[PDB]
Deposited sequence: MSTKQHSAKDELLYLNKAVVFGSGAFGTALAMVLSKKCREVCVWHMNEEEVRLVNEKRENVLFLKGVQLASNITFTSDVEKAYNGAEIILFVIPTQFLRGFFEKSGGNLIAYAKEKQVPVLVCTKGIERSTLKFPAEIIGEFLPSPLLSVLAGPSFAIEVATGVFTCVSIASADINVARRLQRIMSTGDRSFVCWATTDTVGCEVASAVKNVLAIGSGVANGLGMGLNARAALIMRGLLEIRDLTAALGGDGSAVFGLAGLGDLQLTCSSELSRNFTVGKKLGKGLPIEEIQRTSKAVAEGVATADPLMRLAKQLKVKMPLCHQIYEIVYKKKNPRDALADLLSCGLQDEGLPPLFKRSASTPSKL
């Protein structure tokens, strides 16, 4: 149905910029929105200032958004649960604080929307996969797309995809997350794996985009990096058993192109400094997502025997002090080739 669903309550676990922006979206579709944040002192400040001064400065929270540090109070009564907890803290959160939450979700069959992105170092698994160790996969969906947080939080027109193996789950979440003024529009897809892969890999590729800028390259180069980089997302998705339908959509190409063009993002600045010859040690002052992700990504790639040329070279630049110009030359030493895309039509 193209008819929107409104709820009494939503909970968002994760208080970053993205989680906060999504809570702003939900505030227009649910009467009450709770945002869980572990530090009580900081919870008080935020509720006082009516603004997430910690991670979304300059944005006034809707009056119906309340921050809390009490997990139980947070989810009680919620009819949709969002996870935006950083990958590295996800598992521990469920083990240490998810017992009742999990029981509640299972009992009430509450939809869960995974918004966290990355790769867990110990298992090489993606966020929805980790969460799926604790919550029934039939209840799980993934949100991904070109969605700069400030724009989303302020209601500037944004499109994203919602992925669920069962398209009917995604379609229902589409009705909850899409806004009445059409400022936040969701598109349904089955490709959960493609979404998670794109969401992690885009951060590594963004460092490369930075490198290209630091090397003195221009916008033609950035476009080429996006397009060739996209095939790496595609190939890794295939190897992971994903259907790949999100690769050339909002979650894949859409988000990748946006993320690689964010010149002020930390991924980009780190790549630019690396491209200018600065060693990673000097740069490291606040870890760029791409830095953290590059290592587990290479390990997963190696484990699955997937060649990811750009990502591999970016990993070398970041972790093995490889000179950026040497990496580029190595990349361009493969000789002349065909583009590597199959025909769509026969």
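Coordinate coverage of the deposited sequence is interrupted at 1-8, 294-296, 358-366, where no C-alpha atom was modelled.
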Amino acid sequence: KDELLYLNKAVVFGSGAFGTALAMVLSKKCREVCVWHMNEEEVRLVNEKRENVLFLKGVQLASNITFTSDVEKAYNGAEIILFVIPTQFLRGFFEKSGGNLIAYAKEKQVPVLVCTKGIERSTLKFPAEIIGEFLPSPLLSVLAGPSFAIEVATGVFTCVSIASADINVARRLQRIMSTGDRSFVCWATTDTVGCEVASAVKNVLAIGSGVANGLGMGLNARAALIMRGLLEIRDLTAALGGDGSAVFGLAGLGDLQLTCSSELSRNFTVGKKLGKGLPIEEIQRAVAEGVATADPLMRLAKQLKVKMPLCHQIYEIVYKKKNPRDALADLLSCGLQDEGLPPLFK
From here on, numbers count along this sequence of modelled residues.
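C-alpha atoms forming the largest set that superposes within 1.5 Å between two forms make up the rigid core.
After a core fit, the C-alpha atoms in 6 other deposited structures of this protein lie farther on average from the shown form in one of 164-172 and 269-277, namely 269-277. After superposing on the rigid core, the larger RMS C-alpha deviation in 6 other deposited structures of this protein belongs to 314-322, the other candidate being whichever of 314-322 and 22-30 remains. Across the two stretches, 96-104 and 219-227, the PDB entry reports the greater mean Cα temperature factor for 96-104. Higher mean CA temperature factor between 130-138 and 241-249: 130-138, per the PDB entry. Out of 310, 300, 294, 54, it is 54 whose C-alpha atom has the highest B-factor in the PDB entry.
Residue-level inspection of the entry shows that, of 263, 191, 255, 181, 263 has the top Cα B-factor.
Annotation for residue 158: CA B-factor lies in the lowest third of the chain's modelled residues. Per the PDB record, residue ranking by Cα B-factor puts residue 10 in the middle third of the chain. Sort the chain's modelled residues by C-alpha temperature factor and residue 72 lands in the highest third, per the entry. In the PDB entry, a CA B factor belonging to the middle third of its chain's modelled residues is recorded for residue 121. For residue 171, the recorded CA B-factor ranks within the middle third of the chain. Only modelled residues enter the ranking.
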